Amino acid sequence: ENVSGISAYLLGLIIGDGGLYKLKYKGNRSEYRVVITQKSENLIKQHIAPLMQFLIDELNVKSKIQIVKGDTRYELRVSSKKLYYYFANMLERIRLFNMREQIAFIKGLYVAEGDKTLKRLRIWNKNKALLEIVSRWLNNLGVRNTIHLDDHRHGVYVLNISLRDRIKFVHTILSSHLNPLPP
């Protein structure tokens, strides 16, 4: 607080499009990574990185933000035991998120993997328990939604946000000004 909104939003982006990795090497070497992947260097270097930078600074984390180019996407990586655990421990507590963290998380998750055309409002994931948590948050915010198994090939569910509540979902979650990068 109020790094907690930005944290929740980055967790959305990490859960969606990145990951939390604990490596073991030959030995007894190790590494802890916080990862967001994305195709464009804008929205990585210009939107995501400074949000991560802010948090790293607030949390006193000694590690660099690394931006590594791949053939198919960019990777924002923080190599840091402290931040790995910061985000992993937060994920464990996800059910206790307040409204601020709820909205920020759902915003980052949608950015990761929502339907971008917004002709339809859809979030895709294999993690059904995760989408069921988001579904209950959305019901509490008055945004009707259903979950079903969308992709039978990959075991990938969709949470479809009802277009009845289109304006409420876009207003309240997607174009939310909550917790900006910071005045």
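So that there is no doubt, residue numbering starts at 1 and follows the sequence shown. Superpose the two forms; the largest set of C-alphas matching within 1.5 Å is the rigid core.
With 48-56 and 117-125 as candidates, the stretch whose CA atoms show the greater average offset from this form in 6 other deposited structures of this protein after a core fit is 117-125. With every structure aligned by its rigid core, 23-31 is the stretch of 134-142 and 23-31 whose CA positions lie farther away in 6 other deposited structures of this protein. Judged by mean Cα B factor in the deposited record, 23-31 ranks above the other of 127-135 and 23-31. The stretch 93-101 shows the higher mean C-alpha B-factor when 75-83 is compared against 93-101 in the entry.
Between the residues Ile36, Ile147, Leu118, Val156, it is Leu118 that shows the highest Cα B-factor in the PDB record. Looking at the C-alpha B-factors along this chain, the one for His47 belongs to the highest third. Ranked by Cα temperature factor within the chain, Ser175 sits in the highest third according to the deposited record. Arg122: CA B factor in the lowest third of modelled residues in this chain (values from the PDB entry). When the modelled residues of the chain are ordered by C-alpha B-factor, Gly70 sits in the highest third.
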